[PDB]
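Next up is one chain by itself, shown in structure tokens, the form deposited in one PDB entry.
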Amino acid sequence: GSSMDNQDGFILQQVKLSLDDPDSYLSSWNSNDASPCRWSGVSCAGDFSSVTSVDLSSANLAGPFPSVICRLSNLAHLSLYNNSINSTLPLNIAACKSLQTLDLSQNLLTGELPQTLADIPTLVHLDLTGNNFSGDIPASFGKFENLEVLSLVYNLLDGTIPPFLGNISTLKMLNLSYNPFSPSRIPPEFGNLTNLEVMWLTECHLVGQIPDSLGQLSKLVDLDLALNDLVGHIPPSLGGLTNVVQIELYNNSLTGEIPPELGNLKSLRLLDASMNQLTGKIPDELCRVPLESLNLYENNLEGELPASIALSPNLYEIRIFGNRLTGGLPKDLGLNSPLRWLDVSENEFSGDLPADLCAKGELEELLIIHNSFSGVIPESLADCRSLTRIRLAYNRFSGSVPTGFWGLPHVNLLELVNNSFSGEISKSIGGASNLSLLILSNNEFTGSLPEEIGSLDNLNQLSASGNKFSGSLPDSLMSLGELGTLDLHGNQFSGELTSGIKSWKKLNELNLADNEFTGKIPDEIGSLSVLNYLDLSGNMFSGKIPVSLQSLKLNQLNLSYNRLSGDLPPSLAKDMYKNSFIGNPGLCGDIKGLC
């Protein structure tokens, strides 16, 4: 009857008149309509013509919060997410007394939080993320009657984290991350949030110790206290987090040992306590938990990686680099898990690489630099086509590289530097369609550079210095137009450079020093547009230095210890070039000690 009539369409026409609508999101809002229910963003639950939800997210709407919308009596859900809503959020938002969901995230809202948000008794979900709100969190926020989600992430809140937020009994998610809060301790009272499933306090300028109270949060699923200045130990109390799946404590000043009590966390799958000052050994009890991801990099950890970690059927990520860990990697690592990212670099690990790291066919990153690993690359890795980044440098590895390993189709970086690797580069290198950086320096590699290296059109770096490579440069090498670095110094390369060098238009560094190259430096040397570093020293290059060299703007030139003859172009007869032409008996220039 009369009792149940409304002016919802009229209220909504006032919302429309109060907002800039450049993309005409509100054109459907036609006052000739019998009902606003069909309007863009509008839903009316029941046959009743009462508006129950307004979702204007991502509409490109601008202007202040339209407080007139509170005159919609049955409005339970309002979203202005991802708009240009601006100015202060008015204290008269509390007039919206039926609101269960309020999402004003990703807007240009400014000033202080209106304390009257606490005076909407029906409010379950409050999201103010990605706004410009500042000042203290109001004391009224301790009095929310039914709030389950409080999200104030990515604002300019500059007060201390309030203990009264622990007084919201119904709260399931406390998300305060990325606020320039005044340095504050985690309030012990947050342990009284018995229904809490998410505590997200990343980059909140938190200080002091993690309180033992937090162990009382039996329903917590995400504890995230990362990017803070928390000190003290990871508490053994955290073993009381019965339902926890993810613990993030990275980039803090935490000390002491990883508590074995983390082993009691049956649902724990992700733990990252990286970038701390943790000491002692990784506990076997934690490794027995079937973790999806364990990151403990840049700590002061010692001892052995427990073999139990290789039992997890869920492990895809282990990053424990920058520690003093010793012994062998678990023999069965990768055998029972889809390992994707392995980084054990900057450790004192030794022995052979585990044979089956890529058994499940998902390994992308193999990063083991600065360890004492020995033996041959496992033959299985030749079939690991998922790999994109390979860093085996600064180990004690020996033997041939498995044929197939050179041809992996998605590898972008292959770095075998500072090992005792032997044998040749296989013709299989042709299959490496994604290879950009090839770094083989300081090995015992032998043989000619295969012609298939020229098929690597996207190759940017070829560094193979300090090896026993031999033969003339393959003709295909000069077809590499994306090459910026060619370093073949300290090898046994022989033969002549050809006119094909003119195709190295992107080459910055040409280092062919300490080789057995013969013939003349090609006149096309001056046609290399971005060449700034040229080292042809310690070869048998003969003939006149090309006049084209004067075209280049080199920061480094050395043609010393060759069979070069003739006169120095007067531009090279400068004191700065005094150590660039040494050991060329035929060569006569106007430099002191030359000719």
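The term rigid core refers to the most C-alpha atoms you can superpose between the two forms while keeping them within 1.5 Å. Residues carry their position along the shown sequence, with the first being 1.
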- Message: Tell me which stretch, 21-29 or 582-590, has the higher mean Cα B-factor listed in the entry.
- Response: 582-590
- Task: Between 223-231 and 450-458, name whichever shows the higher mean Cα B factor according to the PDB entry.
- Result: 450-458
- Query: Hey, out of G41, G538, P66, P569, whose CA B-factor is highest in the deposited coordinates?
  - Reply: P569
- If you compare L108, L174, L488, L408, which has the highest Cα B-factor in the entry? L408
- Message: Split into thirds by Cα B-factor across the chain's modelled residues, where does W504 land: lowest, middle or highest?
- Response: highest
- Would you check the entry's CA temperature factor for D343 and let me know if it's in the chain's lowest, middle or highest third? lowest
- What third of its chain's C-alpha B-factors does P330 belong to: lowest, middle or highest? highest
- Message: Taking only the Cα B-factors deposited for this chain, tell me whether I161 sits in the lowest, middle or highest third.
- Response: highest
- Message: Can you tell me whether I258 has a C-alpha B-factor in the lowest, middle or highest third compared with the other modelled residues of the same chain?
- Response: middle
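We do not show the form deposited in another entry, though everything after this point is about it.
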- Query: 2 Å or more on the CA of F48 between this form and the one not shown, with the rigid core superposed, yes or no?
  - Reply: yes
- Query: Knowing the Cα distance between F517 and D590 changes 3 Å or more in the other entry, does it shrink or grow relative to here?
  - Reply: closer
